[PDB]
C-alpha cells in the first residue's frame, strides 16, 4: 500500500492544556524562514505559510495550512505544495496533547500517501519534528 502513518509520541512533565497553548504559538535547530498570512473565521483561526528550510543539508520549500482545535488540543498542518509533494500525494502532520491518566503525552503523526512504491516513507520528517519537540520541551520547566 502507498498509505501509512508515522508517529512519535513523548511524555512531557507539563499540564496538557498549557502545553498545547505553548506549542500552538511556538526554533532554529534548522535554517528556516517563512512568509505567509493568517486566516480568520474576525479572530485568527489558523495560518497559511510558505516555508523555506534546509532538511539534512538540502534546501526545500513547502506551503502549509495550519488549523487548530482547542477542545481536543490538536494542531493540524496540511501541506499542499513543495519538495515533499514530489514524494507524496498527501502529507499531513497532526500534533495532539493529552493528559497522562502526571503531565501529558504529545503525539506527532505524519499521515502520508506515497506517489508510488519507489517513494520513501517520511522518516526524515519524523526525526526532524521529534528533535524539535524534544528541544522545545527541554526549555520548559516547573
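Residue numbers count along the first chain shown, from 1.
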| query | finding |
| --- | --- |
| Residue 31 left out of the model in a third or more of other PDB entries | no |
| Test item: residue 97 lacks coordinates in at least a third of other entries | no |
| Unmodelled deposited residues between residue 101 and residue 102, binned | 1 to 3 |
| Length class of the unmodelled deposited segment, which would lie between residue 58 and residue 59 | none |
| Higher-B stretch (mean Cα B-factor, as the entry records it), 132-140 or 1-9 | 132-140 |
| Selected stretch [higher average CA B-factor]: 91-99 or 28-36 | 28-36 |
| Out of 79, 69, 105, 110, residue topping the C-alpha B-factor column of the entry | 69 |
| Residue with maximal Cα B-factor (values as given in the PDB entry) among 121, 14, 22, 126 | 14 |
| Third of the chain, ranked by Cα B-factor, where residue 63 sits | lowest |
| Third of the chain's Cα B-factor distribution that residue 54 belongs to, per the entry | highest |
| Among modelled residues of the same chain, the CA temperature factor third for residue 75 | lowest |
